[PDB]
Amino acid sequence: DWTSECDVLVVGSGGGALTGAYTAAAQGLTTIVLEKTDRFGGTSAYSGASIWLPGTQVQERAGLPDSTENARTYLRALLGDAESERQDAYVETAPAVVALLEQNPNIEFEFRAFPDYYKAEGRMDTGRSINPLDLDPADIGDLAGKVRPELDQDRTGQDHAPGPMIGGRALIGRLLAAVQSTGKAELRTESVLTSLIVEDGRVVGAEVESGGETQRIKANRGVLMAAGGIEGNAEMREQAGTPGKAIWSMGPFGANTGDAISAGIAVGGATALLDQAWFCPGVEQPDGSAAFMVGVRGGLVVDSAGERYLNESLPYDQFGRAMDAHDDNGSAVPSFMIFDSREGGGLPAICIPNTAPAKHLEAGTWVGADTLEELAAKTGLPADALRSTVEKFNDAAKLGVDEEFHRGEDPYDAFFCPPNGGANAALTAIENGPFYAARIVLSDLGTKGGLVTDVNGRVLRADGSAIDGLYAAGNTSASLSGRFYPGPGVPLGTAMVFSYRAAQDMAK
């Protein structure tokens, strides 16, 4: 009846999953990791691998003036008392996770400056998040070729480009090497959770599609589901009311289709926040997909009425939420990013992946013109309003103050701007034609709604009771952060901590 057996079964292979697998296997529990696709890492592999794990040994090594209490204060100020026990667990457990992981020879992190996202008590203007060190692929043997490549390769039919592995690729490559090095773990690809197996009300294993045949895998201590969210499932998204679209999502196409969330619902798990995501603006691509637009450093953005309606330097989640809030039947989705030839026709932001302007212009996702009047005609924006919007923005750039949306009055805004700008580095006149308009959509970096869990990642029913044997973390679980993206690395940070805590709970 059972095909194989282990102490801890982990579904998924993102940062959280592999951290949970490591925590279990490092303390002697046999572990099996199941990855649906032919590559480990999921969206985590795509990530910059910034991780919000504050007040740990890593920041101490950088002399950073911060602490557990300062971080706790920051979360409380943003989130309120909703999920305060989970906020506490997140912050307090960070040091221990980092310490455990850094004990492994394959893992080292460092602090990297990148500001927290909201003005509030406890904010770090330079940030407090950490990153895995760049990784020479030869140092993890055959595992490197099993890591999912960066977006600029993975959506163009390519594997890893010739540099070292960095960001998400370093994170996942290092985590895989550490998991393997325990000698207690089995890492499987093309292995898909189908449903959970319950005996006497306790989750005791799972049914799994692999090699076209069904398997039943027994989990003596428990099952950690960290298999992403619903971002790739248009139906579940429509049903929940999630904004954006599956095709605009920056998750790997077809990977995160809400399987683990559904499997948990099927055994009694409650859910929450299904209409929420980790939002971001996306540059629409020729093929209908999107690219993560981050680090805006010029231009402005208008609705279909040719009017500005938000601070374009806002952090990506807040930018996205502002698009959705303003949207009336497609009036803000798409929005149009307007810019001049200051950067040779480049869009003044970082786009991931980074499709050449020529390709966008061929396809009509972007449009160019010698005057704002033509640009309006070609995009359907009112000519007079566009013209007017730009003149007004340019006036604001000259004075160095944006009275309307207060762009450039925040360290996040300033962090990305190049030198020799002007009075305000975030406000630069749009005036040296040709002029361009790029379509911007409501992308995501994964959804953040899912199964309700407690401080140790146990999945809960509607009455708050724990489903024995079942755990969830990362975007399979409803995030403690609610409607907020507090700073860089929260999605990976929360995924990693609660995967660790769930593995610790299974070890008791």
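By rigid core we mean the largest C-alpha set that fits within 1.5 Å across both forms. Numbers follow the displayed sequence, beginning with 1.
In summary, of the stretches 267-275 and 401-409, 401-409 shows the greater Cα distance from the shown form in 5 other deposited structures of this protein, with structures fitted on the rigid core. The rigid core fit leaves 207-215 as the farther-lying stretch in 5 other deposited structures of this protein, judged by Cα positions and set against 82-90 and 207-215. When 172-180 is weighed against 205-213, 205-213 comes out higher, by mean CA B-factor as recorded in the entry. Here the stretch with the larger average CA B-factor, out of 440-448 and 457-465, is 457-465. Within the selection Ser129, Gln318, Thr379, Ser313, the deposited Cα B-factor values reach their highest point at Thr379. The top Cα temperature factor in the record, among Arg148, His360, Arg155, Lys119, falls on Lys119. In this PDB entry, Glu404 carries a Cα temperature factor that places it within the highest third of its chain's modelled residues. Among the modelled residues of its chain, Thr355 has a C-alpha B-factor that falls in the lowest third according to the deposited record.
Looking at the C-alpha B-factors along this chain, the one for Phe336 belongs to the middle third. In the deposited entry, the Cα temperature factor of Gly42 sits in the bottom third of values across the chain's modelled residues.
When the modelled residues of the chain are ordered by C-alpha B-factor, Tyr74 sits in the highest third.
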